[PDB]
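As structure tokens, one chain now follows by itself in the form deposited in one PDB entry.
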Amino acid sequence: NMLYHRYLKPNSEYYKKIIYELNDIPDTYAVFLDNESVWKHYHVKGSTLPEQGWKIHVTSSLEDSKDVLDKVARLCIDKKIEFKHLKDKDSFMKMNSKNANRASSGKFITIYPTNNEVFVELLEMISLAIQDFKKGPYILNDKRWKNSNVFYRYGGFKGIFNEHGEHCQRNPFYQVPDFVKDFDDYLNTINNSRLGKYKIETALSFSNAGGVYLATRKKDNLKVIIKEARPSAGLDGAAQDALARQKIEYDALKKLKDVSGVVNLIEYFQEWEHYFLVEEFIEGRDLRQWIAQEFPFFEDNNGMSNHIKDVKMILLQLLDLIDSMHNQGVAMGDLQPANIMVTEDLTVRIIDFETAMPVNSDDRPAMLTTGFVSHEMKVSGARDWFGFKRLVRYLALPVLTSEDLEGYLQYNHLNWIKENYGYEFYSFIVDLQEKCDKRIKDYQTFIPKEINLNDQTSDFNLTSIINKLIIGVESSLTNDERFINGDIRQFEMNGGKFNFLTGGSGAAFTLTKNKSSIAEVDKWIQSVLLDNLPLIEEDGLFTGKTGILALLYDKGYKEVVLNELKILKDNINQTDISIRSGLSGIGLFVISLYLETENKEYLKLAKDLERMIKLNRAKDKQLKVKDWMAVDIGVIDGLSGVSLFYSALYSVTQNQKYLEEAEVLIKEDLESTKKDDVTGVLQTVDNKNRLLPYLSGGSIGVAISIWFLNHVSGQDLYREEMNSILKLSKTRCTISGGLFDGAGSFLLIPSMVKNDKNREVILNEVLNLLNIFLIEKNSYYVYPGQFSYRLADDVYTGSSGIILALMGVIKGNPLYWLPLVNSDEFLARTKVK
């Protein structure tokens, strides 16, 4: 999810992507680099090393980090010792940023002396060469010498990979082996309170920069936040350490001690070698959390006026607070929902000022929160106001957007606010907006956009939406190998450029269903794709070859598909049973091919795949998840998905066993659901205890599997659960718009509803949701990808997924997003009898 930032290349509506070598190496060394690892390996001579011994770590500050590798590595070659170091300055940053993992932070060079003797031998003569230098980050994993950047401790050298996941331990603190404890006592002997007035209960968070600690002042009982900043550790894009940031938080907290909204400074001192900022411990939630917990996501016809109250209250306080801050010449330089807190009585507080900057300064900040920023703002104070301006609309409609799409989605958003709230609240928002507009004009020449709401209208005609999204896709063909722009996964994942989920086949399949762009599709299939087939190892329905084979077969490439089918069993991944990428998805494809060709060899293969699924299930009951957005419940990556396979297999088999299995797999997924007490809506429960509606990981997925179970068998099982899931149609707003993870999921609800009067309401509800996202551009429609930061045309997040869902509604086909052979006939062919 944080990966998205890497794909916000300037001046594009699409997701597009934006060394420590030594001097004169002796031939006695083998050098291994890394397009994978952070480590640049140095193997010495020919002989390998002990599995575990005492190792030396060398840390280094930034100012001159090159002068510490130019020296230490050469004594690692004078004595001919084995070592490894970070690849590049870039890799240095990842290990030594605020963000970095403390466990192995600081570690720049790792030296491997064999054991005991050469270790102490080395550790001394290193410190003679690197003694006249700036100190680097202390490694909280190791022990230190004097004022030395030389560290040490015991651990494995070349970590084996075992059953429980060895790596032979590196922990946030210091440790001792129960084995070689004796030699530990040796070096012990060669090696040469202000916060005592606080009782530290617990720590909220730690980081590479330091901890944040809940403490009660010794005899006073006042709860305080204690913010640690250890020097030179936790670097910024700006190359500023934890300290420099802390002594900017300090300056600001005083300078606005008079503002009662701002957190109040208690004290600020030094200790061991660290620096501590003590502040007043505030109770409530950030606006992100407040929105998550308090926003009326479910549409009840008992009004939404309560929320209008609280928003108006919160925003006005915030308007005051920002004015106060700007009086004192300080801009809180990251104005966005994370940094605004709000107590149980809804008192607006600002808590972190590490990003504070003098208003009137035109310096690029270290950190920009996409969604609450614009490249138009060139001055610190104006950045605050723009933040607030966007935050204003956000509390009304909590749906992120980037500057690249804001030109479109402001229409959709503002129109939504009116249609759903009073005109009074619409006009409140739009006034407070323009109230911000020229608080900006104070700091900089800013000539704002003139918005007329009647220039964009929301669309509820399925044929119109499908037609216009198609015309969009046709107008948006890349002339390259991807065919369409899509999610970042086109670049991040194997086969992502070609597969059904994020690649060209998704669009080509969709365009084919709408009889559009035949020549463009034929060109892409012939010039690209067929040549890329041999390079896609994965067989997955969405992620790999099988979804592509569906496209290919429909388009007339029997010979290719039939040869692929011959190869399909022989080498088949068997650890994975999901619809996304495992045996269920493949099996579903294989059954569809059976139905189309009536070749009984495909039925046999389908039964072989089932046996593999049975085996996998027996082996262990833990599902394996490869995508970072994958969740082991529901239709895409869990057991509901596998039930799709059993149901389909049942249809071509008439064998009750498969039907009973289909049922059991749904039952199992239903155990991880939770019915809400107020609103009677059923959702799935994540492992992170998140509640999910979406097609990917959510209850809409489970409903689809119930529907298909019922479709093949002529039953009406799980009606109670079903009815509780269709109630999700009352959802207003979602984080994102896409079929898998966003609004598009909800389009699948109406396609499951038999009677029309009930359907038409549900359809209208879900089209209200779609219309937050559906972008009018030129004469046609396009669609925002994940987080509405850029447009996407793929199935996973973009317009192709929407089109398929919408055609699903028309056809009463909740399975229409699956890339199956034929598929216009699939329901008819799998129906009961």
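Take the two forms, superpose them, and find the largest set of C-alpha atoms that agree within 1.5 Å; that set is the rigid core. Note that residue numbering follows the sequence shown and begins at 1.
Although not depicted, the form solved in complex with a partner chain is the subject of the following passage.
Student: Given that the partner is absent here, state which listed stretch (554-562, 536-544, 433-441, 194-202) has heavy atoms within 4.5 Å of the partner chain in the bound PDB entry.
Tutor: In short, 194-202.
Student: Does any part of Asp627 reach within 4.5 Å of the partner chain in the bound PDB entry? Heavy atoms only, please.
Tutor: Because no heavy atom of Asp627 falls inside 4.5 Å of the partner chain in the bound PDB entry, the answer is no.
Student: Does any part of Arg102 reach within 4.5 Å of the partner chain in the bound PDB entry? Heavy atoms only, please.
Tutor: The answer is yes: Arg102 has a heavy atom within 4.5 Å of the partner chain.
Student: Answer with yes or no whether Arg364 is in contact with the partner chain in the bound PDB entry, where contact means some heavy atom within 4.5 Å.
Tutor: Contact with the partner chain, no.
Student: Might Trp145 be said to contact the partner chain in the bound PDB entry, defining contact as any heavy atom within 4.5 Å?
Tutor: Contact check for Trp145: no, nothing within 4.5 Å of the partner chain in the bound PDB entry.
Student: Counting any non-hydrogen atom inside 4.5 Å, which residue from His274, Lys98, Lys513, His711 sits next to the partner chain in the bound PDB entry?
Tutor: For this set of options, the contacting one is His274.
Student: Sort through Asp236, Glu721, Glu228, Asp608 and report the residue having a heavy atom within 4.5 Å of the partner chain in the bound PDB entry.
Tutor: Flagged contact: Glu228.
Student: If you line up the core, which of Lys675, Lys257, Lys309, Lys523 has a CA that moves 2 Å or more between this form and the one not shown?
Tutor: After core superposition, the one over threshold is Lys257.
Student: Please state whether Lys754 has a C-alpha shift of 2 Å or more between this form and the one not shown, with the rigid core used for the fit.
Tutor: No.
Student: Examine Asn771 after superposing the rigid core and state whether its CA is displaced by 2 Å or more between this form and the one not shown.
Tutor: Moves: no, less than 2 Å.
Student: So, does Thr457 move by 2 Å or more at the CA between this form and the one not shown, with the core held fixed?
Tutor: No; that C-alpha moves by less than 2 Å between this form and the one not shown.
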